[PDB]
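J.:
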Amino acid sequence: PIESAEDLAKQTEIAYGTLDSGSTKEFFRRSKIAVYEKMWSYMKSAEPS
Amino acid sequence: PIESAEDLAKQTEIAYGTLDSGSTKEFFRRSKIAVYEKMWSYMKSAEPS
Amino acid sequence: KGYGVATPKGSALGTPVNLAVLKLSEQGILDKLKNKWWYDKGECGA
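Heads up: the protein sequence lines correspond to chains A, C and D, in order. Going by the deposited numbering, the first sequence opens with residue 636, and the numbers climb by one from there. Going by the deposited numbering, the second sequence opens with residue 636, and the numbers climb by one from there. Going by the deposited numbering, the third sequence opens with residue 734, and the numbers climb by one from there.
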């Protein structure tokens with residue numbers, strides 16, 4: 636089962652997201668960690684939102 | 636078997652090192668990637684050398 | 734509980750140090766140091 640953020644970022648069968656506006660989205664936008672950068676790129680480019 | 640640098644960095648049963656002076660050691664010293672930072676910390680703190 | 738950086742009462746460094754701690758927190762540097770000194774230098778791996 637998904638146990639960490641890295642597990643979410645590695646797979647593609649499960650989608651993940653946040654609020655449209657809020658602190659979590661800004662955290663992912665400004666993050667410099669590789670895993671969070673991957674997650675932010677995925678969430679930004681995910682369609683439908 | 637070990638198929639990448641991440642597989643080396645994650646475990647402790649297999650030791651690893653570089654030449655005492657050269658481009659590889661300086662690459663690991665100057666790296667900002669998390670896995671190479673882990674590798675450099677291990678190699679620098681490794682005893683015996 | 735929390736660990737804080739302590740300063741004398743009425744010192745001129747209290748506000749700058751508090752703001753610096755907040756900046757380091759929001760930039761992810763505190764977590765980076767935590768990972769470096771707990772897990773990057775750990776002897777047990779993952």
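Even for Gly, the Cβ is constructed at its ideal location relative to N, Cα and C.
Below 8 angstroms, can you find three or more Cβ-Cβ pairs linking the segment 734-742 of chain D to the segment 648-657 of chain A?
T.: As far as the Cβ criterion goes, the segment 734-742 of chain D does not touch the segment 648-657 of chain A, which means the pair count is below three.
J.: Any beta carbon of chain D sitting closer than 9 angstroms to that of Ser680 (chain C)?
T.: In the second sequence, counting from the first residue as 1, residue 680 (chain C) sits at position 45. Yes, its Cβ sits closer than 9 angstroms to a Cβ of chain D.
J.: Scan the segment 741-775 of chain D for residues whose Cβ lies nearer than 9 angstroms to a Cβ of chain A and list them as they occur along the chain.
T.: Of all residues in the segment 741-775 of chain D, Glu759, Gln760, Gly761, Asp764 and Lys765 have a Cβ within less than 9 angstroms of some Cβ in chain A.
J.: Measuring alpha carbon to alpha carbon, tell me which of A:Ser676, A:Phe662, A:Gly652 and A:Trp675 ends up nearest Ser684 (chain A).
T.: As a position in the first sequence, residue 684 (chain A) is number 49, starting the count at 1. When each option's Cα is compared against that of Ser684 (chain A), the closest is A:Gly652.
J.: Mapping the DSSP letters down to three states, classify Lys667 (chain C) as helix, strand or coil.
T.: Residue mapping note: residue 667 (chain C) aligns to position 32 of the second sequence, counting from 1. Here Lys667 (chain C) sits in coil by DSSP.
J.: For a contact meaning CB atoms closer than 9 angstroms, what does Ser666 (chain A) contact in chain D?
T.: Sequence index remark: in the first sequence, residue 666 (chain A) carries index 31 (1-based). Neighbours of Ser666 (chain A) on chain D, chain order: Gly761.
J.: Less than 8 angstroms between the CB atoms is what I'm expecting for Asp773 (chain D) and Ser666 (chain C), so what's the real figure, rounded?
T.: Against the third sequence, residue 773 (chain D) aligns to sequence position 40. Against the second sequence, residue 666 (chain C) aligns to sequence position 31. So it is not a contact: roughly 12 angstroms between Cβ atoms.
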